[PDB]
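Only one chain comes next, encoded as structure tokens, the form deposited in one PDB entry.
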């Protein structure tokens, strides 16, 4: 029993992290096959970040201006190109630790593990979720750019995120591994505000099912509700509108616990209207929304990789 915020084993990703230096700027890169992926602002100085013209900045950059280092061994850069906001550095040696991998762009509400790195060296691993405003609540200091988020399917590593920047509200933003930012953000040292921090309703419900599985059941009320009525109460507390697809996804957890999805929505509705009265649910005094229905099933079943 027990339920914990759990990240994937980071071993397969640690073997792909390198250090990319371009002048004064040093950040992390991802060495897959004979390609190194890193944020394109590695070519910016302490002044160009306000309004960088990456096409012009890349003109006076040659293959030899990129220092790619894996541990204490250097990789020879034989080619480079800019794909959106990521830089692809063609090296001459294929990474011997390259695992089976995919490039996947995730949707808001999906979760992934982040391997925070500095100078091409892993610092730690923690679980995240793509917010509805396309940001992530992470832990990133200077030099952490290039750290990647990933999911693991058995033996296939699914790369979905790369850290690029922090927003003025202490929240972070990045791109997928094809260089396209999540959301309306740009790799620019400007004032970019994020939208309203919406709560992932289907994830709260899946987390409530996890609590029922693990003994926490005081919040189970004697009420039920409808989808439209719940969404009227959810829209005032900045909750994602619940859809019929979300109900279907919660199907497995509903059948396993004998508690209908709409009955669980009524329990959430009361927790939103009455609070938690100082009580806790799975050791949390607040409603957690960073477990997908899939994370709950995986953790409660013992799925390995």
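Take the two forms, superpose them, and find the largest set of C-alpha atoms that agree within 1.5 Å; that set is the rigid core. Residue numbers count along the first chain shown, from 1.
Just going by the entry, 89-97 versus 191-199 on mean CA temperature factor gives the higher value to 191-199. For the pair 201-209 and 167-175, the mean B factor over Cα atoms is greater in 167-175.
You'll see in the entry that, of 82, 160, 116, 152, the Cα B factor peaks at 152. For residue 40, the recorded CA B-factor ranks within the lowest third of the chain. Only modelled residues enter the ranking. Among the modelled residues of the chain, residue 19 sits in the lowest third by CA temperature factor in this PDB entry. The entry lists a Cα temperature factor for residue 284 that places it in the middle third of the chain's modelled residues. The PDB entry assigns residue 245 a C-alpha temperature factor belonging to the middle third of its chain's modelled residues. When the modelled residues of the chain are ordered by their C-alpha B factor, residue 105 lands in the lowest third.
From this point on, the text means the form deposited in another entry, which you will not see here.
Just one of 90, 97, 188, 137 moves its Cα by 2 Å or more between this form and the one not shown on a rigid core overlay, and this residue is 188.
Once the rigid core is overlaid between this form and the one not shown, residue 57 counts among the residues whose Cα shifts by 2 Å or more. In a rigid-core overlay of the protein, residue 48 has its C-alpha displaced by at least 2 Å between this form and the one not shown. The Cα shift for residue 230 between this form and the one not shown, taken after rigid core superposition, is smaller than 2 angstroms. Compared with the form shown here, the C-alpha atoms of residue 75 and residue 140 sit at least 3 Å farther apart in the other form.
The pair residue 143 and residue 69 separates in the other form: their C-alpha atoms are at least 3 Å more distant from each other than in the form depicted.
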